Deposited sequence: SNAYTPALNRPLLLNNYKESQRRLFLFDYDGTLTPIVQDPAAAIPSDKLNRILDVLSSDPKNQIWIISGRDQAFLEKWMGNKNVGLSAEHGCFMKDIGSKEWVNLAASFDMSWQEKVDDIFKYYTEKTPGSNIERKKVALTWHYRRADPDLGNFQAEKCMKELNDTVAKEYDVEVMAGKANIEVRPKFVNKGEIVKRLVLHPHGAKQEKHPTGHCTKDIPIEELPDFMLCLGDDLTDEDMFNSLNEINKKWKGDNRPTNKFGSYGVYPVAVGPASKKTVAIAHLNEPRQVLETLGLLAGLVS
């Protein structure tokens, strides 16, 4: 490949799952629980995913969170009546399983960068047929999947450069290259913050000691934004081993950051699964389905 991570050890994952009492699932949505497609509106939950989520969420030992770049509207639509936590726009919003409203973690942040990013995106959109701009509440996304590969990638690279030389110097925003996109959002909100707020927290209490901490954490993602999740989990794991916390029967703390992508994909995750298909197989396995 040459392989960068080993394939996920599914039997071990299953064993740690069935041994554990306080489980926390941290799921990316796009390209992770459902395949990457041309039309974002078509990225709809499969029945298999729905069955997995129902069975998994029904176990009171389990807490499940969907942590996505998607805006709140999408997540409410396709995940809202399911018994799962929601986080939108790469860490800008959170909604507890019991809660009736979202928390805007970026509510106090300066948003004046948005129009400058928008202006820049409009320029590259005009020079890139098939591309379009997605304006969410906080984050902005420039899509070029539908464009010609070469021009899109070319235009993308110099859009990336320009944002990073202007807006990213003037504001504390992160310029993220995603699968056939560019996304811009405040630097100090991200999926890693979300994971910290969920993991270092009494299982599974709403948002504002070892027996109350998760003892099983499974985190899946496919894109650059999700590296923030994997990194937060690695840091927490290392914090726990820096301290001399008692390990489980497997010599670990039950932390499984797992990339979705080929063996060769560079990631700080501990293992990979090739595609959403294998993700659902694995979750199905844990669920007692197939």
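No C-alpha positions are given in the record for the deposited-sequence stretches 209-219, 302.
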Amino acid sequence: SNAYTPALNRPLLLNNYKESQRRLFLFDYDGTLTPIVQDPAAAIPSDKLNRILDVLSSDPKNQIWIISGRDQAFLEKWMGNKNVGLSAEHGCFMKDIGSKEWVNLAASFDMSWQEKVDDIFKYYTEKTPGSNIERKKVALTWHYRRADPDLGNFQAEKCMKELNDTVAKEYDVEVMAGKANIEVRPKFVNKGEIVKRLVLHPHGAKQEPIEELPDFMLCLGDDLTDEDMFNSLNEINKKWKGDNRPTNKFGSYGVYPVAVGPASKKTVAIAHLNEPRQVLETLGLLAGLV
From here on, numbers count along this sequence of modelled residues.
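Look at the C-alpha B-factors of 18-26 and of 271-279. On average they run higher in 18-26. Mean CA temperature factor is higher for 153-161 when stretches 91-99 and 153-161 are set side by side in the entry.
In this structure the maximum Cα B-factor among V117, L218, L75, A106 is found at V117. When the C-alpha B-factors of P45, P35, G69, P60 are ranked from the entry, the top spot goes to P60.
Ranked within its chain, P186 lands in the middle third, by CA B factor from the PDB record. Ranked within its chain, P257 lands in the lowest third, by CA B factor from the PDB record. In the deposited entry, the Cα temperature factor of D228 sits in the bottom third of values across the chain's modelled residues. In the deposited entry, the Cα temperature factor of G192 places it in the lowest third of its chain's modelled residues. Among the modelled residues of its chain, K169 has a C-alpha B-factor that falls in the highest third according to the deposited record.
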